[PDB]
Amino acid sequence: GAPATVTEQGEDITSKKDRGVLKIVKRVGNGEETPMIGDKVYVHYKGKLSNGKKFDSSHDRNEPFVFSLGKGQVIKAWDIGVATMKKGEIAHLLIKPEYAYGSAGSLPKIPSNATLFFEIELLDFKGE
Ligand SMILES: COc1cc2cc(c1OC)OCC[C@@H](C)n1cc(nn1)C[C@H](C)COC(=O)[C@@H]1CCCCN1C(=O)[C@H]2C1CCCCC1
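First residue of the sequence shown? That's 108 in my numbering, and the numbers climb one at a time after it.
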């Protein structure tokens, strides 16, 4: 399914080219601006352990997930991946633990050495 597809076909958007963050554009956005560091960003997402079944989803709380880009309020993979997204874009990310919660994990939700999969819809972003 979608995680395997990202493993097979996604682009590596890491600087190191260690395949730590793999991306597929699922629905193209408009604009020519991507967000830059400091911006306030609005998304809807669905996220899950890659080997898991149930999502954490913003829709389940019926409100968008807001954060500031590059300010370390979210995992390194979101800081990296959302910086590549256009407004209206839907992207799939697959993320190795080094760009998420690492060998320490983040229990109870995230175990040690967890790979993570998200679908992200970029709704909007505004400059600091
Ligand atoms: C490790 O803790 C969590 C991880 C994740 C979600 C968590 C969470 O408990 C704080 O709560 C979901 C409740 C919403 C409103 N939320 C998200 C955050 N703050 N509040 C942002 C989080 C503090 C950090 O989350 C992230 O950096 C990423 C990207 C943004 C969306 C949430 N993220 C997660 O890692 C989720 C997990 C995704 C895989 C399945 C388990 C949840």
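Just so you know, even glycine gets a beta-carbon here, dropped at the ideal spot from N, CA and C.
- Residue of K194, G117 and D125 minimising C-alpha distance to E205: Your numbering for residue 205 matches position 98 in the sequence shown. With distances taken between Cα atoms, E205 lies closest to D125.
- Message: Considering only heavy atoms of ligand 1, does any lie closer than 8 Å to the CB of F232?
- Response: The residue labelled residue 232 in the question sits at position 125 within the sequence shown. Proximity of the beta carbon of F232 to ligand 1 is not indicated: no heavy atom of the ligand is located closer than 8 Å.
- Query: Between which two residues does the alpha helix (DSSP H) harbouring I187 extend?
  - Reply: For the purposes of this step, residue 187 is taken as residue 80 along the sequence shown, with counting starting at 1. Per DSSP, the continuous alpha helix (DSSP H) segment holding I187 begins and ends at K183 to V189.
- Item | Near ligand 1: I120 beta-carbon under 8 Å from a heavy atom | Start at 1 with the first residue of the sequence shown, and residue 120 comes out as number 13. No - ligand 1 has no heavy atom lying nearer than 8 Å to the Cβ of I120.
- Item | Given 8 Å, three or more beta-carbon pairs between the segment 138–155 and the segment 208–216 | no
- Message: For the beta strand (DSSP E) containing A198, name the first residue and the last one.
- Response: Mapped onto the sequence shown, residue 198 falls at position 91. Start and end: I197 to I202.
- Would you say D163 touches ligand 1, meaning its beta carbon is less than 8 Å from a heavy atom? Locating residue 163 in the sequence shown gives position 56, counting from the first residue. Yes, since a heavy atom of ligand 1 falls inside the 8 Å radius drawn around the Cβ of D163.
- Task: Check whether the Cβ atoms of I227 and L156 sit closer than 9 Å, and answer yes or no.
- Result: Working through the sequence shown from its first residue, we reach residue 227 at position 120. Working through the sequence shown from its first residue, we reach residue 156 at position 49. No; because the gap between Cβ atoms is not below 9 Å, this pair is not in contact.
- Query: What span of residues does the beta strand (DSSP E) with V148 cover, start to end?
  - Reply: Locating residue 148 in the sequence shown gives position 41, where the first residue counts as 1. Run containing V148: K147 to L156, per the beta strand (DSSP E) assignment.
- Message: ligand 2 and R134: does the residue's C-beta get closer than 8 Å to at least one heavy atom of that ligand?
- Response: The model depicted lacks ligand 2 and carries ligand 1 instead.
- Message: Quick check: the segment 136–147 against the segment 108–121, are at least 3 beta-carbon pairs closer than 8 Å?
- Response: Result no; under three Cβ-Cβ pairs closer than 8 Å.
- Message: Could you check if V181 belongs to the surroundings of ligand 1, using beta carbon to heavy atom distance under 8 Å?
- Response: By one-based count along the sequence shown, residue 181 stands at place 74. True, at least one ligand heavy atom lies under 8 Å from that Cβ.
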